[PDB]
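Engineer: Provided herewith: run.txt, compact mmCIF, C-alpha atoms and all ligand atoms.
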```
# COMPACT_ATOMS: atom_id res chain seq x y z
CA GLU A 11 53.17 23.41 69.06
CA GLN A 12 54.63 21.96 65.87
CA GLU A 13 52.55 22.91 62.87
CA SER A 14 52.11 19.17 62.40
CA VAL A 15 50.07 19.00 65.64
CA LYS A 16 48.12 22.15 64.77
CA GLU A 17 47.17 20.77 61.36
CA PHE A 18 46.26 17.37 62.82
CA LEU A 19 43.92 18.99 65.38
CA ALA A 20 42.41 21.34 62.77
CA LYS A 21 41.50 18.41 60.55
CA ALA A 22 40.24 16.49 63.57
CA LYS A 23 37.90 19.36 64.45
CA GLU A 24 36.64 19.72 60.85
CA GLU A 25 35.79 16.03 60.71
CA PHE A 26 34.12 16.07 64.12
CA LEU A 27 32.02 19.14 63.28
CA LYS A 28 30.68 17.63 60.06
CA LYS A 29 29.35 14.57 61.95
CA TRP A 30 28.28 16.68 64.94
CA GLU A 31 26.07 18.86 62.75
CA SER A 32 24.52 15.91 60.86
CA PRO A 33 24.36 12.94 63.25
CA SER A 34 23.71 9.40 62.12
CA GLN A 35 20.51 7.78 63.34
CA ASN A 36 18.73 4.45 63.21
CA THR A 37 21.53 2.39 61.67
CA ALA A 38 20.55 -1.10 62.89
CA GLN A 39 17.80 -2.87 64.84
CA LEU A 40 17.70 -5.24 67.79
CA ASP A 41 16.80 -8.41 65.88
CA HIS A 42 20.01 -8.10 63.82
CA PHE A 43 21.85 -9.36 66.94
CA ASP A 44 22.05 -12.38 69.21
CA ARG A 45 22.53 -11.74 72.95
CA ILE A 46 25.52 -13.43 74.61
CA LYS A 47 26.35 -12.03 78.10
CA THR A 48 25.79 -9.00 80.35
CA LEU A 49 29.15 -7.21 80.76
CA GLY A 50 28.03 -4.40 83.11
CA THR A 51 24.93 -2.95 84.67
CA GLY A 52 23.72 0.26 86.32
CA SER A 53 20.70 2.23 87.49
CA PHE A 54 19.41 3.03 83.97
CA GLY A 55 21.36 0.85 81.56
CA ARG A 56 23.43 -2.23 80.82
CA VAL A 57 26.22 -3.23 78.46
CA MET A 58 25.68 -6.55 76.68
CA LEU A 59 27.94 -8.64 74.50
CA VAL A 60 26.04 -9.34 71.28
CA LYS A 61 26.86 -11.00 67.96
CA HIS A 62 25.63 -9.69 64.63
CA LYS A 63 23.75 -12.53 62.98
CA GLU A 64 24.87 -11.82 59.39
CA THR A 65 28.51 -10.79 59.79
CA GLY A 66 29.35 -12.74 62.94
CA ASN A 67 31.02 -9.68 64.47
CA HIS A 68 30.87 -9.18 68.23
CA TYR A 69 29.86 -5.85 69.75
CA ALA A 70 29.20 -4.29 73.14
CA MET A 71 25.61 -3.06 73.08
CA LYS A 72 24.74 -0.36 75.60
CA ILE A 73 21.02 -0.51 76.38
CA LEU A 74 19.40 2.41 78.20
CA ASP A 75 15.86 2.23 79.55
CA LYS A 76 14.12 5.43 78.41
CA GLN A 77 11.81 5.66 81.42
CA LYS A 78 14.71 5.28 83.86
CA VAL A 79 16.80 7.83 81.96
CA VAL A 80 14.01 10.34 82.37
CA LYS A 81 13.51 9.52 86.06
CA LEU A 82 17.22 9.87 86.89
CA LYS A 83 17.52 13.13 84.91
CA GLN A 84 19.87 11.73 82.29
CA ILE A 85 18.05 12.83 79.10
CA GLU A 86 20.54 15.43 77.94
CA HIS A 87 23.47 13.25 79.04
CA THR A 88 22.27 10.31 76.91
CA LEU A 89 21.76 12.62 73.93
CA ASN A 90 25.27 14.04 74.49
CA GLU A 91 26.74 10.56 74.68
CA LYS A 92 25.34 9.35 71.38
CA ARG A 93 25.87 12.61 69.48
CA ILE A 94 29.50 12.83 70.59
CA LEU A 95 30.32 9.15 70.05
CA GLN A 96 28.98 9.13 66.50
CA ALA A 97 31.18 12.18 65.73
CA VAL A 98 34.59 11.29 67.27
CA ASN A 99 37.47 9.28 65.84
CA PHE A 100 40.70 8.63 67.74
CA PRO A 101 42.85 5.50 68.22
CA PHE A 102 42.15 5.23 71.96
CA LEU A 103 38.36 5.77 71.87
CA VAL A 104 35.93 2.88 71.50
CA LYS A 105 34.04 3.29 68.25
CA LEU A 106 30.28 3.50 67.98
CA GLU A 107 29.25 1.17 65.16
CA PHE A 108 25.44 1.50 65.23
CA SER A 109 22.70 3.20 67.15
CA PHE A 110 18.90 2.90 67.25
CA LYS A 111 15.92 3.09 69.57
CA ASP A 112 12.64 1.25 70.07
CA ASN A 113 9.53 1.69 72.15
CA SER A 114 11.44 1.13 75.41
CA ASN A 115 15.20 1.51 75.01
CA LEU A 116 18.05 3.44 73.45
CA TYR A 117 20.86 1.34 71.93
CA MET A 118 24.51 2.20 71.26
CA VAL A 119 26.38 -0.67 69.64
CA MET A 120 30.12 -0.22 70.32
CA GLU A 121 33.21 -2.23 69.50
CA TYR A 122 33.73 -5.07 71.97
CA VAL A 123 37.18 -4.98 73.58
CA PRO A 124 37.73 -8.50 75.03
CA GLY A 125 40.68 -7.71 77.29
CA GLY A 126 38.51 -6.24 80.02
CA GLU A 127 38.61 -3.20 82.21
CA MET A 128 41.88 -1.77 83.45
CA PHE A 129 40.29 -1.94 86.88
CA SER A 130 40.36 -5.76 86.90
CA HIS A 131 44.00 -5.93 85.83
CA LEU A 132 45.08 -3.26 88.30
CA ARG A 133 43.41 -5.07 91.18
CA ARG A 134 44.85 -8.45 90.10
CA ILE A 135 48.46 -7.21 89.97
CA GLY A 136 48.17 -4.69 92.79
CA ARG A 137 49.85 -1.71 91.22
CA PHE A 138 51.44 -0.90 87.88
CA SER A 139 55.11 0.05 87.60
CA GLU A 140 55.77 3.65 86.59
CA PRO A 141 56.58 2.69 82.96
CA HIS A 142 53.32 0.70 82.77
CA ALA A 143 51.27 3.52 84.31
CA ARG A 144 53.06 6.01 82.02
CA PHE A 145 52.18 4.03 78.88
CA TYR A 146 48.47 4.22 79.76
CA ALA A 147 48.70 7.82 81.00
CA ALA A 148 50.26 8.93 77.71
CA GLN A 149 47.30 7.56 75.81
CA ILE A 150 44.90 9.46 78.07
CA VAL A 151 46.91 12.67 77.61
CA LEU A 152 46.65 12.37 73.83
CA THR A 153 42.97 11.46 74.05
CA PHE A 154 42.21 14.51 76.21
CA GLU A 155 44.27 16.70 73.88
CA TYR A 156 41.99 15.47 71.07
CA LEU A 157 38.71 15.77 72.98
CA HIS A 158 39.42 19.16 74.55
CA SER A 159 40.41 20.57 71.17
CA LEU A 160 36.88 19.68 69.99
CA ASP A 161 35.45 21.56 73.00
CA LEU A 162 34.57 18.23 74.63
CA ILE A 163 34.92 17.45 78.34
CA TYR A 164 34.93 13.74 79.23
CA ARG A 165 34.01 13.79 82.97
CA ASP A 166 34.23 10.08 83.85
CA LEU A 167 37.87 9.02 83.83
CA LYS A 168 38.46 5.96 86.03
CA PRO A 169 39.86 2.43 85.60
CA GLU A 170 36.46 0.82 85.00
CA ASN A 171 35.99 3.02 81.92
CA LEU A 172 39.29 2.09 80.28
CA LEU A 173 39.47 -1.20 78.41
CA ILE A 174 42.64 -3.04 77.39
CA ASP A 175 42.65 -4.11 73.77
CA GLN A 176 44.19 -7.01 71.90
CA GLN A 177 47.49 -5.11 71.56
CA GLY A 178 47.53 -3.94 75.21
CA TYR A 179 46.47 -0.37 74.39
CA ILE A 180 43.70 1.65 76.07
CA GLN A 181 40.19 2.07 74.71
CA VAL A 182 38.13 4.71 76.52
CA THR A 183 34.47 3.81 77.01
CA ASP A 184 31.55 5.38 78.88
CA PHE A 185 30.78 8.75 77.30
CA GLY A 186 27.63 9.13 79.45
CA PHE A 187 28.91 12.36 81.06
CA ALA A 188 30.80 13.72 78.04
CA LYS A 189 29.65 17.13 76.85
CA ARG A 190 30.46 19.77 74.26
CA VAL A 191 31.29 22.87 76.36
CA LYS A 192 32.67 26.24 75.34
CA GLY A 193 33.60 27.83 78.60
CA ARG A 194 32.04 26.42 81.74
CA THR A 195 29.47 23.81 82.67
CA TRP A 196 27.74 23.12 85.98
CA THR A 197 26.33 19.58 86.33
CA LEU A 198 27.26 17.51 89.38
CA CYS A 199 28.39 14.25 87.81
CA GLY A 200 31.32 11.87 87.82
CA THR A 201 32.49 9.38 90.43
CA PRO A 202 33.32 10.61 93.98
CA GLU A 203 36.99 9.57 94.18
CA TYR A 204 37.72 11.32 90.85
CA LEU A 205 35.84 14.63 91.31
CA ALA A 206 37.80 17.85 91.16
CA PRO A 207 37.28 20.36 94.00
CA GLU A 208 35.40 22.78 91.77
CA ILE A 209 32.77 20.12 90.98
CA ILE A 210 32.31 19.38 94.69
CA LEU A 211 31.94 23.11 95.39
CA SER A 212 29.23 23.61 92.70
CA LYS A 213 31.29 26.01 90.63
CA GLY A 214 31.21 26.56 86.92
CA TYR A 215 33.99 24.26 85.75
CA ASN A 216 35.91 23.43 82.57
CA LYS A 217 38.29 20.88 81.02
CA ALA A 218 40.58 21.26 84.05
CA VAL A 219 38.41 18.67 85.79
CA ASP A 220 39.62 16.03 83.30
CA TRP A 221 43.26 16.89 84.11
CA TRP A 222 42.52 16.58 87.85
CA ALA A 223 40.96 13.18 87.16
CA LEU A 224 44.10 12.17 85.25
CA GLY A 225 46.11 12.93 88.39
CA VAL A 226 43.79 10.68 90.39
CA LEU A 227 44.10 7.93 87.77
CA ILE A 228 47.91 8.09 87.61
CA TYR A 229 48.14 8.00 91.41
CA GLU A 230 45.76 5.03 91.52
CA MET A 231 47.63 3.13 88.78
CA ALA A 232 51.00 3.64 90.48
CA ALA A 233 49.89 3.13 94.12
CA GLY A 234 47.09 0.59 93.67
CA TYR A 235 44.54 2.85 95.42
CA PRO A 236 43.29 6.38 94.76
CA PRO A 237 44.66 9.38 96.67
CA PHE A 238 41.35 10.38 98.35
CA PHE A 239 39.30 7.56 99.85
CA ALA A 240 36.96 7.08 102.76
CA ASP A 241 33.94 5.11 103.82
CA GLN A 242 31.49 7.86 102.81
CA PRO A 243 31.49 10.35 99.92
CA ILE A 244 31.37 13.40 102.20
CA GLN A 245 34.62 12.34 103.85
CA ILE A 246 36.20 11.83 100.42
CA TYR A 247 35.11 15.32 99.43
CA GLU A 248 36.65 16.87 102.55
CA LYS A 249 39.97 15.27 101.62
CA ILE A 250 39.76 16.39 97.97
CA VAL A 251 39.15 20.03 98.82
CA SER A 252 41.82 20.15 101.58
CA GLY A 253 44.85 20.62 99.33
CA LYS A 254 46.65 17.71 101.08
CA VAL A 255 47.80 14.49 99.40
CA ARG A 256 50.36 11.96 100.61
CA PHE A 257 52.47 9.93 98.27
CA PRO A 258 53.94 6.44 98.77
CA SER A 259 57.72 6.53 99.25
CA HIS A 260 58.16 4.26 96.22
CA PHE A 261 56.89 7.01 93.90
CA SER A 262 59.67 8.73 91.95
CA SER A 263 60.30 12.39 92.56
CA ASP A 264 59.18 13.15 88.99
CA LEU A 265 55.89 11.33 89.58
CA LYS A 266 55.23 13.27 92.78
CA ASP A 267 55.96 16.55 91.05
CA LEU A 268 53.60 15.80 88.14
CA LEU A 269 50.87 14.71 90.53
CA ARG A 270 51.13 17.86 92.69
CA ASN A 271 50.54 19.87 89.51
CA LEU A 272 47.59 17.76 88.29
CA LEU A 273 46.07 17.47 91.81
CA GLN A 274 46.28 21.21 92.22
CA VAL A 275 43.16 22.41 94.04
CA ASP A 276 43.37 25.87 92.46
CA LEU A 277 42.10 25.21 88.94
CA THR A 278 43.86 28.35 87.67
CA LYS A 279 47.23 26.76 88.56
CA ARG A 280 46.52 23.18 87.44
CA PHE A 281 48.53 21.56 84.68
CA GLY A 282 46.46 21.25 81.53
CA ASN A 283 44.66 24.53 82.29
CA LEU A 284 47.57 26.99 81.97
CA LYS A 285 48.69 29.06 78.99
CA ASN A 286 50.81 26.20 77.61
CA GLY A 287 47.90 23.77 77.80
CA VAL A 288 48.69 20.12 77.36
CA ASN A 289 52.36 20.79 76.71
CA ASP A 290 53.05 21.41 80.41
CA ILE A 291 52.12 17.74 80.83
CA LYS A 292 53.74 16.36 77.68
CA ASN A 293 57.06 18.14 78.49
CA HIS A 294 57.13 17.15 82.15
CA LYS A 295 60.14 15.11 83.27
CA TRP A 296 57.95 12.12 84.19
CA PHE A 297 57.15 11.82 80.46
CA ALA A 298 60.77 12.29 79.25
CA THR A 299 60.97 8.72 77.92
CA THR A 300 57.62 8.98 76.09
CA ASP A 301 57.64 9.07 72.29
CA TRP A 302 54.24 10.74 71.81
CA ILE A 303 54.08 10.01 68.06
CA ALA A 304 55.03 6.36 68.53
CA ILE A 305 52.26 5.96 71.14
CA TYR A 306 49.72 7.54 68.79
CA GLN A 307 50.86 5.25 65.93
CA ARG A 308 50.65 2.24 68.31
CA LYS A 309 54.30 1.32 67.60
CA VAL A 310 55.36 0.87 71.27
CA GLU A 311 55.29 -2.64 72.75
CA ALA A 312 52.66 -2.72 75.45
CA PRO A 313 53.38 -3.67 79.08
CA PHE A 314 51.04 -6.62 78.80
CA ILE A 315 48.61 -8.31 76.49
CA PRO A 316 45.40 -9.49 78.10
CA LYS A 317 44.83 -13.22 78.00
CA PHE A 318 41.81 -14.15 75.93
CA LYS A 319 40.93 -16.78 73.36
CA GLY A 320 39.14 -14.79 70.67
CA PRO A 321 36.83 -11.89 69.90
CA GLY A 322 33.91 -13.48 71.78
CA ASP A 323 35.78 -14.42 74.95
CA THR A 324 34.26 -12.90 78.09
CA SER A 325 36.64 -14.33 80.72
CA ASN A 326 38.05 -10.85 81.50
CA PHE A 327 34.59 -9.55 82.46
CA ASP A 328 32.52 -10.52 85.48
CA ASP A 329 29.20 -12.21 86.04
CA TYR A 330 25.85 -10.48 86.40
CA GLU A 331 22.27 -11.70 86.59
CA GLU A 332 21.00 -12.10 83.04
CA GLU A 333 17.80 -10.02 82.62
CA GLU A 334 15.42 -9.71 79.64
CA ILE A 335 15.65 -7.01 76.96
CA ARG A 336 11.95 -6.21 77.04
CA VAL A 337 10.36 -3.90 74.49
CA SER A 338 6.95 -2.41 75.30
CA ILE A 339 4.12 -2.68 72.85
CA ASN A 340 3.65 1.08 73.39
CA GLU A 341 6.16 3.84 72.67
CA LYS A 342 7.63 5.46 75.80
CA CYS A 343 9.17 8.92 76.07
CA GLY A 344 9.10 9.48 72.32
CA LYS A 345 9.31 13.25 72.48
CA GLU A 346 12.24 13.32 74.90
CA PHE A 347 14.42 11.16 72.63
CA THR A 348 13.34 12.47 69.21
CA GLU A 349 16.91 13.40 68.23
CA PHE A 350 18.43 10.03 69.21
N1 LIG A 401 32.78 0.17 81.65
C1 LIG A 401 33.02 -0.71 80.47
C2 LIG A 401 31.74 -1.01 79.70
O1 LIG A 401 30.93 -1.85 80.52
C3 LIG A 401 32.04 -1.66 78.36
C4 LIG A 401 32.46 -2.99 78.26
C5 LIG A 401 32.89 -3.52 77.06
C6 LIG A 401 32.92 -2.72 75.92
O2 LIG A 401 33.46 -3.16 74.73
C7 LIG A 401 32.47 -1.40 76.00
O3 LIG A 401 32.51 -0.66 74.88
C8 LIG A 401 32.03 -0.88 77.21
```
Starting from the coordinates I provided, produce the structure as structure tokens.

Structural biologist:
Amino acid sequence: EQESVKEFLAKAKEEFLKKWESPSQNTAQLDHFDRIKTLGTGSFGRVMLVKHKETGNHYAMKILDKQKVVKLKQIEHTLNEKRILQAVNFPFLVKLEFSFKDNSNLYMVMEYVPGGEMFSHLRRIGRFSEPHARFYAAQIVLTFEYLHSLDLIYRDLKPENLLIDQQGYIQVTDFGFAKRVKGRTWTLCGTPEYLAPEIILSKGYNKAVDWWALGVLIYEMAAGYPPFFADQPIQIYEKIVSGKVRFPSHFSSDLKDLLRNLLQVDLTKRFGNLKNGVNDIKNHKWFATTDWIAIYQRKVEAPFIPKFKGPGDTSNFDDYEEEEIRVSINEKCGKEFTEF
């Protein structure tokens, strides 16, 4: 590790810790924004495109229903998400610009990235070439190097959680499962196709699960489909734990070798979790053409630039039923979300 990387990560940790210890709170309110379009929706929350009425800036506003968060046992996860997001700073992480709460909801107002989810682009083109997949993978490697050095585990890597920005670079979203962890953690969370074996088997697990997920992501980017798939989760899990993966013949030998080391069932042998840490990945032959510093500095020409007309264009996102943002006249779940 060049002292330059050590000193970068030491300063990164100092800056993170200062914000972690003293989190920002209550930095805007709902009526500062106009609602434009629902960009995504789930069992306890939504992401909305909004426009700030005074500056005209567009943002992606994540709205979480406090009662549903409680019911689906997401309290600590939502507190993790906001506390981490307000404390991190890296070129490939979506920035949290404001947060606040009201009687009914929690709000995280993030940068809006108009290029859409990697998932859409991957499905439209079919599969990415190895250089294209490598460009995105390198950004994830650097982002995980950053996060893991802060004792953070991300726990939701997948194409739907990676947005393509105006320059063609990655912006990681969706910190709902991210957690500050020294050692092990135990919660069953993630997305089935991306779960490491040790999550499936209810073990105490660590940052190695993020490196496993990177193997899944790289396979999916280069093949067009993930390595372990089936009609039901239990059948996916049987495949994940088996230690067997098949590679398309069009994969390069270097790609197959990297993937066997990321998709290593034995977490004590998995790249990213050995004595040399991230450098086993950064020094692998599949990354020989990668200029890590140039990627970090965003000096590499991207494989493609999403097509969009301006900062408010939603054409790269899909259409959802537009529901109200209702705020109760009575405070709900105040105690549970005191720190938010
Ligand atoms: N999974 C992506 C998520 O819905 C989303 C969409 C647009 C954004 O700018 C964002 O920060 C998050």

Engineer: Identify, counting all atoms listed in the file, the protein, DNA and RNA residues located within 9 Å of ligand LIG 401 (chain A), and give them as number ranges by chain.

Structural biologist: A: 48-51, 56-59, 69-72, 104-106, 119-127, 169-173, 181-184, 327

Engineer: Considering only C-alpha atoms, tabulate each residue of stretch 80-114 of chain A that lies at most 12 Å from stretch 196-206 of chain A along with its nearest interatomic pair and the corresponding distance in Å to one decimal; arrange the rows by chain and ascending residue number and present them as CSV.

Structural biologist:
```
residue,atom,partner,partner_atom,distance
A:83,CA,A:197,CA,11.0
A:84,CA,A:199,CA,10.5
A:86,CA,A:197,CA,11.0
A:87,CA,A:197,CA,10.1
```

Engineer: Using all atoms listed in the file, find the one residue out of A:41, A:140, A:220, A:331 that sits nearest to residue A:266.

Structural biologist: A:140

Engineer: Might I get the box with edges along x, y and z of the file that holds all atoms of stretch 260-267 of chain A listed there, padded by 5 Å on every side, given as centre and edge lengths in Å to one decimal, as lines of an AutoDock Vina configuration file?

Structural biologist:
```
center_x = 57.8
center_y = 10.4
center_z = 92.6
size_x = 15.1
size_y = 22.3
size_z = 17.2
```

Engineer: Which residues come within 9 Å of residue A:146, counting all atoms listed in the file, excluding same-chain residues fewer than 4 positions away, as a JSON list (two decimals) with C-alpha atoms, keeping the file's coordinate frame?

Structural biologist:
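So the final result, stored in selection_9.json, reads:
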```
[["chain", "number", "residue", "atom", "x", "y", "z"],
["A", 141, "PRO", "CA", 56.58, 2.69, 82.96],
["A", 142, "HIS", "CA", 53.32, 0.70, 82.77],
["A", 150, "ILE", "CA", 44.90, 9.46, 78.07],
["A", 151, "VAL", "CA", 46.91, 12.67, 77.61],
["A", 179, "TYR", "CA", 46.47, -0.37, 74.39],
["A", 180, "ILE", "CA", 43.70, 1.65, 76.07],
["A", 228, "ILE", "CA", 47.91, 8.09, 87.61]]
```

Engineer: What is the atom CA of residue A:143 to atom CA of residue A:307 distance in Å?

Structural biologist: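 Distance reported for this atom pair: 18.5 Å.
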
Engineer: Give the answer as one residue: which of A:114, A:77, A:326, A:278 has the shortest atom-to-atom distance to residue A:54, using only C-alpha atoms?

Structural biologist: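 Nearest candidate to residue A:54 out of A:114, A:77, A:326, A:278: A:77.
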
Engineer: Report, in Å to a single decimal, how far apart atom CA of residue A:39 and atom CA of residue A:115 are.

Structural biologist: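 For atom CA of residue A:115 relative to atom CA of residue A:39, the distance reads 11.4 Å.
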
Engineer: Given all atoms listed in the file as the basis, pick out the residue of A:240, A:275, A:291, A:232 nearest to residue A:137.

Structural biologist: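 The closest residue to residue A:137 is A:232.
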
Engineer: Just want the 12 Å neighbourhood of residue A:113, counted on all atoms listed in the file, with same-chain residues fewer than 2 positions away dropped. Output as a list in words.

Structural biologist: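 Surrounding residues, per the criterion: residues 39, 40, 74, 75, 76, 77, 110, 111, 115, 116, 117, 335, 336, 337, 338, 339, 340, 341, 342, 343, 344, 345, 347 and 348 of chain A.
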
Engineer: What is the atom CA of residue A:64-atom CA of residue A:37 distance in Å, reported with one decimal?

Structural biologist: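 These two atoms are separated by 14.8 Å.
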